[PDB]
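Q: Pasting the sequence and an experimental structure:
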2 protein chains.
Amino acid sequence: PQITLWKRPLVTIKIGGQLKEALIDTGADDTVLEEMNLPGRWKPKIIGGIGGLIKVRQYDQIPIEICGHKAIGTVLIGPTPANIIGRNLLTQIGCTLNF
Amino acid sequence: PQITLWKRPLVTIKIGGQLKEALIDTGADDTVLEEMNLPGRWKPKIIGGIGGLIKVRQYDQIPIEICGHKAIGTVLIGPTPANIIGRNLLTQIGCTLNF
Ligand SMILES: COc1ccc(S(=O)(=O)N(CC(C)C)C[C@@H](O)[C@H](Cc2ccccc2)n2cc(COC(=O)N[C@H]3c4ccccc4C[C@H]3O)nn2)cc1
Ligand SMILES: [Br-]
Ligand SMILES: [Br-]
Ligand SMILES: [Br-]
Ligand SMILES: [Br-]
Ligand SMILES: [Br-]
Ligand SMILES: [Br-]
Ligand SMILES: [Br-]
Ligand SMILES: [Br-]
Ligand SMILES: [Br-]
Ligand SMILES: [Br-]
Ligand SMILES: [Br-]
Ligand SMILES: [Br-]
């Protein structure tokens, strides 16, 4: 799709066997979701934003599908107030900014 | 232009008579910059990021330019770890997401 920014850029993200809504966030290096079930093992990571740092759970090799486009990559789980899709997965679906 | 996301989408912004680099940040509702001078009066605002809330200074009707593209809007100044350009200004320059 071509998405304008008058409203938050919400999309549907297929992950695990479930649908979540998340923001397309070009400001985010990484994808960070609120608490959810993901399969497999995880490792610790600290990430930082406005407000400061947080610790998250890092799950690697997680398949995802955004609006019909498939990808795979690392997904972080932790206390973010918003599900956000970051550049690590946006590149894989071909997402660009344009003006 | 078309900007991909293999790296941070950094672009220069002219504001307050100066040049600054900032991140095009489609997850940001508002534009938030690191401490700098801006003219006129400011009002208080509280915004929230991944790691809690911070206090910022709100400056209205600030002219800004991005890749030749001129706009005007509200600019927040505060303790952000990164200069970010948010949707309030991105819409004004016709910036969209595409995939
Ligand atoms: C009222 O308007 C607002 C405008 C911006 C913000 S935001 O909190 O800054 N935000 C909202 C989010 C729900 C989409 C935007 C966002 O892109 C921030 C960008 C940011 C990151 C770091 C400092 C300030 C702003 N964001 C992204 C992330 C997730 O990624 C990591 O933490 N990233 C790392 C990283 C990414 C960008 C810049 C610096 C760094 C620190 C690294 O370790 N968390 N918040 C809040 C309100
Ligand atoms: Br934490
Ligand atoms: Br990745
Ligand atoms: Br939020
Ligand atoms: Br590409
Ligand atoms: Br980078
Ligand atoms: Br300058
Ligand atoms: Br700069
Ligand atoms: Br906020
Ligand atoms: Br505005
Ligand atoms: Br204005
Ligand atoms: Br335009
Ligand atoms: Br438009």
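A: Now that the structure is in, tell me what you want to look at. Residues are numbered from 1 along each chain as shown, chains lettered A, B, ... in the order given. Ligands and ions are numbered 1, 2, ... in the order given.
Q: Stretch A:64-78 and ligand 1 in contact?
A: No: using C-beta under 6 Å from any ligand atom, stretch A:64-78 never reaches ligand 1; the gap is at least 8.2 Å. Bear in mind the C-beta positions are built from the backbone N, C-alpha and C, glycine included.
Q: ok, longest strand in chain A?
A: strand A:52-66 (DSSP state E).
Q: Walk me through which strands it pairs with, and which way each runs.
A: Sheet pairing of strand A:52-66 (DSSP bridges) gives strand A:10-15 (antiparallel), strand A:43-49 (antiparallel), strand A:69-77 (antiparallel).
Q: From ligand 8, how far out is whichever residue of chain A sits closest to ligand 6?
A: For chain A, the residue closest to ligand 6 is residue A:29, as judged by C-beta to the ion, at 7.8 Å. Distance of residue A:29 to ligand 8, given as C-beta to the ion, to the nearest Å: 19 Å.
Q: Likewise for residue A:8?
A: In terms of C-beta to the ion, residue A:8 sits 27 Å off from ligand 8.
Q: likewise residue A:88?
A: On the measure of C-beta to the ion, residue A:88 and ligand 8 end up 25 Å apart.
Q: Find the nearest non-adjacent residue to that residue, please.
A: Sequence neighbours aside, residue A:73 is the residue nearest to residue A:88 in space, at 5.0 Å (criterion: C-beta to C-beta, 6 or more residues apart in numbering or on different chains).
Q: Would you check that the one you found makes contact with residue A:87?
A: No: the criterion here is C-beta atoms under 8 Å, and residue A:73 misses it with residue A:87 at 10.1 Å.
Q: which residue of chain A sits farthest from its center?
A: residue A:99 (23.5 Å; C-alpha atoms, centre = their mean).
Q: Report the contact partners of it.
A: B:1, B:67, B:69, B:90, B:93, B:94, B:95, B:96 (C-beta atoms under 8 Å, 6 or more residues apart in numbering or on different chains).
Q: closest point of chain A to ligand 10, which residue?
A: residue A:6 (11.7 Å).
Q: returning to that earlier point: and for the residue nearest to residue A:88, the neighbour number?
A: Using other C-beta atoms under 10 Å in any protein chain shown, residue A:73 has 17 neighbouring residues.
Q: Ok, residue A:59 next?
A: Residue A:59: 21 neighbours (other C-beta under 10 Å).
Q: How about the one 3 residues further on?
A: The burial count assigned to residue A:62 is 21, neighbours taken as other C-beta under 10 Å.
Q: Would you confirm that it contacts residue A:41?
A: No: using C-beta under 8 Å, residue A:62 is not in contact with residue A:41; the gap is 11.6 Å.
Q: returning to that earlier point: make TSV out of the strands paired with strand A:52-66 and add distance to ligand 10.
A: Shown next, in TSV, are the strands paired with strand A:52-66 (distance: least, C-beta to the ion, whole Å):
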stretch	distance to ligand 10
strand A:10-15	20
strand A:43-49	22
strand A:69-77	31
